[PDB]
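**Q** So that you have it, the file is input_8.cif, and it contains mmCIF, N, CA, C and O atoms; chains and numbers go by the auth columns:
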```cif
data_target
loop_
_atom_site.group_PDB
_atom_site.id
_atom_site.type_symbol
_atom_site.label_atom_id
_atom_site.label_comp_id
_atom_site.label_asym_id
_atom_site.label_seq_id
_atom_site.Cartn_x
_atom_site.Cartn_y
_atom_site.Cartn_z
_atom_site.B_iso_or_equiv
_atom_site.auth_seq_id
_atom_site.auth_asym_id
ATOM 1 N N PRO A 1 10.169 -6.643 -0.284 0.00 1 A
ATOM 2 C CA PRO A 1 9.356 -7.159 -1.379 0.00 1 A
ATOM 3 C C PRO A 1 7.894 -6.720 -1.249 0.00 1 A
ATOM 4 O O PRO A 1 7.375 -6.577 -0.137 0.00 1 A
ATOM 5 N N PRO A 2 7.217 -6.478 -2.381 0.00 2 A
ATOM 6 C CA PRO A 2 5.823 -6.024 -2.381 0.00 2 A
ATOM 7 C C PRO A 2 4.864 -7.110 -1.895 0.00 2 A
ATOM 8 O O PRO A 2 5.047 -8.293 -2.196 0.00 2 A
ATOM 9 N N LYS A 3 3.853 -6.696 -1.133 0.00 3 A
ATOM 10 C CA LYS A 3 2.868 -7.621 -0.571 0.00 3 A
ATOM 11 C C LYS A 3 2.070 -8.307 -1.680 0.00 3 A
ATOM 12 O O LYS A 3 1.768 -7.697 -2.708 0.00 3 A
ATOM 13 N N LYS A 4 1.735 -9.574 -1.472 0.00 4 A
ATOM 14 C CA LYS A 4 0.815 -10.260 -2.366 0.00 4 A
ATOM 15 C C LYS A 4 -0.607 -10.089 -1.857 0.00 4 A
ATOM 16 O O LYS A 4 -0.888 -10.370 -0.690 0.00 4 A
ATOM 17 N N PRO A 5 -1.522 -9.607 -2.707 0.00 5 A
ATOM 18 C CA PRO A 5 -2.927 -9.494 -2.339 0.00 5 A
ATOM 19 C C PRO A 5 -3.584 -10.868 -2.229 0.00 5 A
ATOM 20 O O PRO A 5 -3.285 -11.776 -3.014 0.00 5 A
ATOM 21 N N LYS A 6 -4.456 -11.022 -1.242 0.00 6 A
ATOM 22 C CA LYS A 6 -5.122 -12.297 -1.000 0.00 6 A
ATOM 23 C C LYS A 6 -6.330 -12.457 -1.913 0.00 6 A
ATOM 24 O O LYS A 6 -7.082 -11.506 -2.141 0.00 6 A
ATOM 25 N N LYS A 7 -6.501 -13.664 -2.430 0.00 7 A
ATOM 26 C CA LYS A 7 -7.585 -13.970 -3.359 0.00 7 A
ATOM 27 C C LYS A 7 -8.926 -13.922 -2.631 0.00 7 A
ATOM 28 O O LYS A 7 -9.117 -14.614 -1.627 0.00 7 A
ATOM 29 N N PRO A 8 -9.869 -13.093 -3.109 0.00 8 A
ATOM 30 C CA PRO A 8 -11.160 -12.928 -2.457 0.00 8 A
ATOM 31 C C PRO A 8 -12.147 -14.026 -2.845 0.00 8 A
ATOM 32 O O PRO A 8 -12.298 -14.357 -4.023 0.00 8 A
ATOM 33 N N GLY A 9 -12.810 -14.590 -1.852 0.00 9 A
ATOM 34 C CA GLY A 9 -13.747 -15.659 -2.100 0.00 9 A
ATOM 35 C C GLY A 9 -15.064 -15.409 -1.399 0.00 9 A
ATOM 36 O O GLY A 9 -15.279 -14.317 -0.875 0.00 9 A
ATOM 37 N N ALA A 10 -15.936 -16.416 -1.381 0.00 10 A
ATOM 38 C CA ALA A 10 -17.244 -16.314 -0.720 0.00 10 A
ATOM 39 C C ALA A 10 -18.026 -15.125 -1.289 0.00 10 A
ATOM 40 O O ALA A 10 -18.428 -14.221 -0.552 0.00 10 A
ATOM 41 N N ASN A 11 -18.207 -15.138 -2.609 0.00 11 A
ATOM 42 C CA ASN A 11 -19.041 -14.152 -3.300 0.00 11 A
ATOM 43 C C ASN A 11 -18.422 -12.750 -3.235 0.00 11 A
ATOM 44 O O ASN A 11 -18.986 -11.835 -2.629 0.00 11 A
ATOM 45 N N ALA A 12 -17.256 -12.583 -3.854 0.00 12 A
ATOM 46 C CA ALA A 12 -16.620 -11.276 -3.924 0.00 12 A
ATOM 47 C C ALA A 12 -17.254 -10.444 -5.024 0.00 12 A
ATOM 48 O O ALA A 12 -17.640 -10.968 -6.073 0.00 12 A
ATOM 49 N N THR A 13 -17.357 -9.150 -4.779 0.00 13 A
ATOM 50 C CA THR A 13 -18.065 -8.255 -5.676 0.00 13 A
ATOM 51 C C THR A 13 -17.195 -7.880 -6.877 0.00 13 A
ATOM 52 O O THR A 13 -15.966 -7.935 -6.776 0.00 13 A
ATOM 53 N N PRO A 14 -17.790 -7.526 -8.030 0.00 14 A
ATOM 54 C CA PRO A 14 -17.021 -7.115 -9.209 0.00 14 A
ATOM 55 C C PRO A 14 -15.998 -6.014 -8.896 0.00 14 A
ATOM 56 O O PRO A 14 -14.864 -6.076 -9.364 0.00 14 A
ATOM 57 N N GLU A 15 -16.388 -5.020 -8.094 0.00 15 A
ATOM 58 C CA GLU A 15 -15.467 -3.942 -7.719 0.00 15 A
ATOM 59 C C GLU A 15 -14.302 -4.477 -6.879 0.00 15 A
ATOM 60 O O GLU A 15 -13.175 -3.984 -6.976 0.00 15 A
ATOM 61 N N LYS A 16 -14.573 -5.492 -6.067 0.00 16 A
ATOM 62 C CA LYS A 16 -13.531 -6.140 -5.271 0.00 16 A
ATOM 63 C C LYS A 16 -12.595 -6.948 -6.156 0.00 16 A
ATOM 64 O O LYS A 16 -11.390 -6.983 -5.922 0.00 16 A
ATOM 65 N N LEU A 17 -13.151 -7.595 -7.168 0.00 17 A
ATOM 66 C CA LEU A 17 -12.345 -8.352 -8.114 0.00 17 A
ATOM 67 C C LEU A 17 -11.530 -7.401 -8.975 0.00 17 A
ATOM 68 O O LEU A 17 -10.402 -7.701 -9.354 0.00 17 A
ATOM 69 N N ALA A 18 -12.117 -6.248 -9.269 0.00 18 A
ATOM 70 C CA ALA A 18 -11.429 -5.187 -9.984 0.00 18 A
ATOM 71 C C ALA A 18 -10.268 -4.665 -9.155 0.00 18 A
ATOM 72 O O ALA A 18 -9.178 -4.404 -9.674 0.00 18 A
ATOM 73 N N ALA A 19 -10.515 -4.511 -7.861 0.00 19 A
ATOM 74 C CA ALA A 19 -9.479 -4.120 -6.925 0.00 19 A
ATOM 75 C C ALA A 19 -8.392 -5.179 -6.875 0.00 19 A
ATOM 76 O O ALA A 19 -7.207 -4.859 -6.860 0.00 19 A
ATOM 77 N N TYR A 20 -8.804 -6.442 -6.867 0.00 20 A
ATOM 78 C CA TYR A 20 -7.855 -7.549 -6.919 0.00 20 A
ATOM 79 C C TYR A 20 -7.034 -7.497 -8.207 0.00 20 A
ATOM 80 O O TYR A 20 -5.838 -7.748 -8.182 0.00 20 A
ATOM 81 N N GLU A 21 -7.673 -7.161 -9.326 0.00 21 A
ATOM 82 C CA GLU A 21 -6.966 -7.053 -10.600 0.00 21 A
ATOM 83 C C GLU A 21 -5.948 -5.916 -10.563 0.00 21 A
ATOM 84 O O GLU A 21 -4.820 -6.075 -11.026 0.00 21 A
ATOM 85 N N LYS A 22 -6.339 -4.773 -10.010 0.00 22 A
ATOM 86 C CA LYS A 22 -5.444 -3.628 -9.923 0.00 22 A
ATOM 87 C C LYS A 22 -4.295 -3.901 -8.951 0.00 22 A
ATOM 88 O O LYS A 22 -3.148 -3.565 -9.233 0.00 22 A
ATOM 89 N N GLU A 23 -4.600 -4.529 -7.822 0.00 23 A
ATOM 90 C CA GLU A 23 -3.574 -4.864 -6.837 0.00 23 A
ATOM 91 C C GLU A 23 -2.671 -5.986 -7.337 0.00 23 A
ATOM 92 O O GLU A 23 -1.482 -6.009 -7.038 0.00 23 A
ATOM 93 N N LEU A 24 -3.235 -6.918 -8.097 0.00 24 A
ATOM 94 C CA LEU A 24 -2.454 -8.016 -8.646 0.00 24 A
ATOM 95 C C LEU A 24 -1.555 -7.504 -9.768 0.00 24 A
ATOM 96 O O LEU A 24 -0.416 -7.943 -9.910 0.00 24 A
ATOM 97 N N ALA A 25 -2.067 -6.561 -10.558 0.00 25 A
ATOM 98 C CA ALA A 25 -1.280 -5.927 -11.600 0.00 25 A
ATOM 99 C C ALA A 25 -0.164 -5.107 -10.980 0.00 25 A
ATOM 100 O O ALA A 25 0.988 -5.179 -11.407 0.00 25 A
ATOM 101 N N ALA A 26 -0.519 -4.337 -9.961 0.00 26 A
ATOM 102 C CA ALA A 26 0.445 -3.574 -9.193 0.00 26 A
ATOM 103 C C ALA A 26 1.518 -4.491 -8.621 0.00 26 A
ATOM 104 O O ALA A 26 2.711 -4.193 -8.689 0.00 26 A
ATOM 105 N N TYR A 27 1.080 -5.609 -8.055 0.00 27 A
ATOM 106 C CA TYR A 27 1.998 -6.606 -7.513 0.00 27 A
ATOM 107 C C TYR A 27 2.924 -7.143 -8.601 0.00 27 A
ATOM 108 O O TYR A 27 4.121 -7.282 -8.374 0.00 27 A
ATOM 109 N N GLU A 28 2.378 -7.427 -9.777 0.00 28 A
ATOM 110 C CA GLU A 28 3.183 -7.946 -10.881 0.00 28 A
ATOM 111 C C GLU A 28 4.214 -6.911 -11.344 0.00 28 A
ATOM 112 O O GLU A 28 5.394 -7.241 -11.510 0.00 28 A
ATOM 113 N N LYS A 29 3.783 -5.663 -11.527 0.00 29 A
ATOM 114 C CA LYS A 29 4.687 -4.601 -11.947 0.00 29 A
ATOM 115 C C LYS A 29 5.804 -4.402 -10.924 0.00 29 A
ATOM 116 O O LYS A 29 6.987 -4.369 -11.283 0.00 29 A
ATOM 117 N N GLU A 30 5.435 -4.298 -9.649 0.00 30 A
ATOM 118 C CA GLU A 30 6.413 -4.094 -8.589 0.00 30 A
ATOM 119 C C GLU A 30 7.300 -5.323 -8.388 0.00 30 A
ATOM 120 O O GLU A 30 8.473 -5.195 -8.041 0.00 30 A
ATOM 121 N N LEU A 31 6.753 -6.512 -8.618 0.00 31 A
ATOM 122 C CA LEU A 31 7.526 -7.739 -8.455 0.00 31 A
ATOM 123 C C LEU A 31 8.583 -7.834 -9.552 0.00 31 A
ATOM 124 O O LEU A 31 9.717 -8.254 -9.304 0.00 31 A
ATOM 125 N N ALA A 32 8.208 -7.427 -10.762 0.00 32 A
ATOM 126 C CA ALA A 32 9.142 -7.376 -11.873 0.00 32 A
ATOM 127 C C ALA A 32 10.206 -6.312 -11.631 0.00 32 A
ATOM 128 O O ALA A 32 11.390 -6.535 -11.878 0.00 32 A
ATOM 129 N N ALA A 33 9.769 -5.154 -11.146 0.00 33 A
ATOM 130 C CA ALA A 33 10.671 -4.055 -10.826 0.00 33 A
ATOM 131 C C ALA A 33 11.652 -4.431 -9.716 0.00 33 A
ATOM 132 O O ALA A 33 12.796 -3.972 -9.703 0.00 33 A
ATOM 133 N N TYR A 34 11.198 -5.258 -8.785 0.00 34 A
ATOM 134 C CA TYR A 34 12.039 -5.687 -7.672 0.00 34 A
ATOM 135 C C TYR A 34 13.045 -6.737 -8.138 0.00 34 A
ATOM 136 O O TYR A 34 14.250 -6.489 -8.161 0.00 34 A
#
```
Output the file's structure as structure tokens, nothing else.

**A**
Amino acid sequence: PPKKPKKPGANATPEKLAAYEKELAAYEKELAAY
């Protein structure tokens, strides 16, 4: 099963949140595919 990305806290940067969005989207796509 595909890894779940950990939610970034303590003042995460927009690019990090963007990375979280891409990894979370990736996770969703792969989770559906699985």

**Q** Write out as a list in words each polymer residue whose atoms come within 7 Å of segment 15-29 of chain A, counting only N, CA, C and O atoms; drop sequence neighbours fewer than 6 positions from it.

**A**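 My list of contacting residues is residues 2, 3, 4, 5, 6 and 8 of chain A.
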
**Q** Can you check which residues of chain A DSSP gives as helix (DSSP H, G or I) on the backbone and send them as a VMD selection string?

**A** chain A and resid 14 to 33

**Q** What is the atom CA of residue 30 of chain A to atom C of residue 14 of chain A distance in Å?

**A**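 One can read the atom CA of residue 30 of chain A to atom C of residue 14 of chain A distance as 22.5 Å.
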
**Q** To one decimal in Å, tell me the separation between atom CA of residue 33 of chain A and atom CA of residue 7 of chain A.

**A**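 Atom CA of residue 33 of chain A sits 22.1 Å away from atom CA of residue 7 of chain A.
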
**Q** Between atom O of residue 1 of chain A and atom N of residue 31 of chain A, what is the distance, to one decimal in Å?

**A**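 Taking atom O of residue 1 of chain A and atom N of residue 31 of chain A, their separation equals 8.5 Å.
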
**Q** Padding 4 Å on each side, edges along x, y and z: where is the centre of the box around the listed atoms of segment 6-25 of chain A, and how long are its edges in Å to one decimal? Output it as AutoDock Vina command-line options.

**A**
```
--center_x -9.0 --center_y -10.0 --center_z -6.1 --size_x 28.0 --size_y 20.9 --size_z 19.0
```
